[PDB]
Structure formats: structure tokens, C-alpha cells
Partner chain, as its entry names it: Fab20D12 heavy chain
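What follows is a single chain, given as C-alpha cells, in the form deposited without its partner chain.
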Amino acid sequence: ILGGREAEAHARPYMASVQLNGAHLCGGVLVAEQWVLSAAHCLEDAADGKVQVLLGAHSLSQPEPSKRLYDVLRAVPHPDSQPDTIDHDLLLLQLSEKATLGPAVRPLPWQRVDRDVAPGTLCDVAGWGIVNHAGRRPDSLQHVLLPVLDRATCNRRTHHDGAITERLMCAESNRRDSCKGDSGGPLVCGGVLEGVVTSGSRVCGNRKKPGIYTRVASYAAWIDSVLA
């Protein structure tokens, strides 16, 4: 997260770190007792690798009573996802067992009504992704508030130009933005999950290249089907 601030410890009980061979890779969001939602491209790079999900965490490295590492029973990438498209970029991880719920570990309700978040709405994005332009990695969860940027605008030419479908939403990236390593994590507006940070490569913190977030309401049948 660029241009943000350290998050209040455990104030986002839904926040997950998706890890590969013991290291943070991508964010993710606890959406049911046994299921974490993240981005598919994060795990394109993976089959030779143990995937785990850290819940209840603020620090990546220090112990905390609430902090618990869960093995993964199943990774389920969206069926229409492909390398080199930003579209359908979601992944569901089934935890090995139901997460132990408490004040620090709780699922986030997510948007099921397929209507865009109004332009200018301030939404919150959190992650353990890079915090500057050098590539520095924080130990502790960071977060930033970003205004949603209308789709009509996001499709303009010196922007993202053509790609942004009805299943994607955009937010401003003017010095405050999500970046590499924040992919898969939550964009939350009025306390509901609205988007998941996309995992394509892109520059961070440049006003001319807005953040892209996959709209979870667009995918509500698929998410229901997987959990069922």
C-alpha cells in the first residue's frame, strides 16, 4: 500500500495473508468460516509450492494470540480466468478446517447486489504489499482510503483504455494506491466487501493508471457454487 498508514491491529479481522512456502505473497479476505477469497494470478506461479493462509495477524513475523496459520485443502481459481487477462481474476481457498472465530478473526459480508459503487465513495484497501517505489515490504498491515473512479472515466485512452468491463471497478491511484503484494486483498466500502485487488503487473501510485479491482457482486453465483 502506497501513501497509507499502519492499520489498527486486528481492526480488520477479515484480512488474510496468502503465503507461499512460508512467505507473504498476496492478500486475501475471509468470506466464510472455511473460505478465503483472493486473486487467481497470485497462484498461477505456484503448483511447486505449499500455500497457506495466515489469519488473525497484524505482524507477519511476531507472535500474537489471535495469529494462526491454516493449511489449504483446495485452491479453486475462477473457471474463466487466464494468464494475460485481467478478467475473472478470482480464487477461492478452502481452509483445511473452519477458522477459529473471535474479535480478531471474522468473515466480512460481501456485496451480492450487482450495482456499481457510486463514484467518489471512499473505500478502504489493506495489505502487506510494497509501501514505496524502491520495493520495501512492511512487517505490519497497512491501509489506505481511496475514492472510486467512475468506469466511463477509467476507460479513457491515457488511462486503462477499453479493458474495464462491467465486472471490474476502478479507484484513484494519485500517490495513494495498492501495489504489488496487495493483490487479492479487499476493497471495502461502507463495511462491505466490494472488490478484490487485481493481480496484473502495473505501476503504483500514478494518477494516470488507476487501481483495478474485481467486483465481487459480478461473481456472486460462482462464489455461492464453490462454497456449496
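Residue numbers count along the first chain shown, from 1. The term rigid core refers to the most C-alpha atoms you can superpose between the two forms while keeping them within 1.5 Å.
- In 6 other deposited structures of this protein, superposed by the rigid core, the C-alpha atoms of 193 to 201 lie farther from the shown form than the other of 193 to 201 and 30 to 38.
- Among other deposited entries of this protein with both flanking residues present, none omit coordinates for residue 177; it is modelled throughout, well short of a third.
- For residue 64, the record comparison shows coordinates present in all the other entries of this protein that model its neighbours, with no third of them leaving it out.
- Higher mean CA B-factor, judged across 52 to 60 and 160 to 168 from the recorded values: 160 to 168.
- If you average the C-alpha B-factors over 25 to 33 and over 170 to 178, the higher value belongs to 170 to 178.
- Within the listed group 109, 147, 83, 127, the record reports its top CA B-factor for 83.
- The residue among 105, 131, 122, 93 whose C-alpha atom has the highest B-factor in the PDB entry is 131.
- Sort the modelled residues of the chain by CA B factor and residue 9 lands in the highest third.
- Annotation for residue 74: C-alpha temperature factor in the middle third relative to the rest of the modelled chain, per the entry.
- The entry lists a Cα temperature factor for residue 191 that places it in the middle third of the chain's modelled residues.
- Split the chain's modelled residues into thirds by C-alpha temperature factor. Residue 201 is in the highest one.
- When the modelled residues of the chain are ordered by their C-alpha B factor, residue 228 lands in the highest third.
Heads up, the form solved in complex with its partner chain isn't pictured, but that's what we're talking about next.
- Its partner chain in the deposited complex is approached by residue 153, whose closest heavy atom lies within 4.5 angstroms of it.
- At the 4.5 Å threshold, heavy atoms of residue 136 stay clear of its partner chain in the deposited complex, well away from it.
- Residue contact with its partner chain in the deposited complex: residue 166 places a heavy atom within 4.5 Å of it.
- The shortest heavy atom separation between residue 48 and its partner chain in the deposited complex exceeds 4.5 Å.
- The candidate stretches are 196 to 204, 157 to 165, 39 to 47, 62 to 70, and the one lying within 4.5 Å of its partner chain in the deposited complex by heavy atoms is 157 to 165.
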